[PDB]
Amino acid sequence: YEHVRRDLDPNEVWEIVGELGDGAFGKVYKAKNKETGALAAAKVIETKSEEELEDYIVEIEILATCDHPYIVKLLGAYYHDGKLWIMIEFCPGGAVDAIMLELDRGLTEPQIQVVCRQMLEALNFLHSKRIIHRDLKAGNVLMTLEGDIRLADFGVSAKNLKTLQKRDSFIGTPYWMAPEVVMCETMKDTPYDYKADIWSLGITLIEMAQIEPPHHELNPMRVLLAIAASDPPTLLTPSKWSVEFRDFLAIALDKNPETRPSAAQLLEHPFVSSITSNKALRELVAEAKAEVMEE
């Protein structure tokens, strides 16, 4: 409980003014600073036991160390009246999936290029700290009005948070170990663990280009079979997209994690290597905000 204040009443600072998202993974509240009017998200968790508090606090540990321009910003944490409050800077551009719904369209390639560049910067940062994300998707890409992303991890269970920090090495004695254990465990606790996010990044790019991820017509159990059996996904209409975009996807959506490149390697790929302005994404956010001003 090093980064959790037990002596400050969060209600002295924050007024709950609504709820954010659709609450599928738990209640996240919109909070307004009673002095300044500044906005925050308040993830509030009822625990009542110091033991369970320890598990939820892992999220605070991760967020506190993940100080990078493109990761959601922890403002503070409180434990008061049997509730853990995790305060995160409000992202006034919303999530990319919500933007595509609001505007009834996918992103343009220049918009995708900004998201991709910044997601790679964030992943290179996380992986450098041995942190993995493991749930990349457009709904975890929040936006600021300046056109920058803030990467979130909304949907991971509290019990799985520790796995994002550190993987367990294999269980067994080698001579007796089953082939699937060798295959699936002996590379854990090495940078092999970071490669999954690179694939998910590729899928997220298709999701942003096409609104929905590949195989979206299937139910969530059936798609697992489709991923195992199918060649890597490609963009539906190649001619709409640059050869650089298609090549980036071909390299990231490598079914073999050993040959799939790292985030640092992909920062040199021509799809993103010259992306030094967020202006295309700033304009996407401006358009979404202008449409909300209608409502």
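Numbers for residues come from their place in the sequence shown, where the first is 1.
Of the two stretches examined, 220 to 228 and 173 to 181, the record assigns the greater average C-alpha temperature factor to 220 to 228. Remark: stretch with higher mean C-alpha B factor among 152 to 160 and 189 to 197 is 152 to 160. Of the candidates 264, 66, 45, 31, the deposited coordinates give 45 the top C-alpha B factor. When the CA B factors of the chain's modelled residues are split into thirds, the value for residue 278 lands in the lowest one. Ranked against the other modelled residues of its chain, the C-alpha B-factor of residue 93 as given in the entry falls in the middle third. In the deposited entry, the Cα temperature factor of residue 205 sits in the bottom third of values across the chain's modelled residues. When all modelled residues of the chain are sorted by CA temperature factor, residue 87 is found within the middle third. Annotation for residue 121: CA B-factor lies in the lowest third of the chain's modelled residues.
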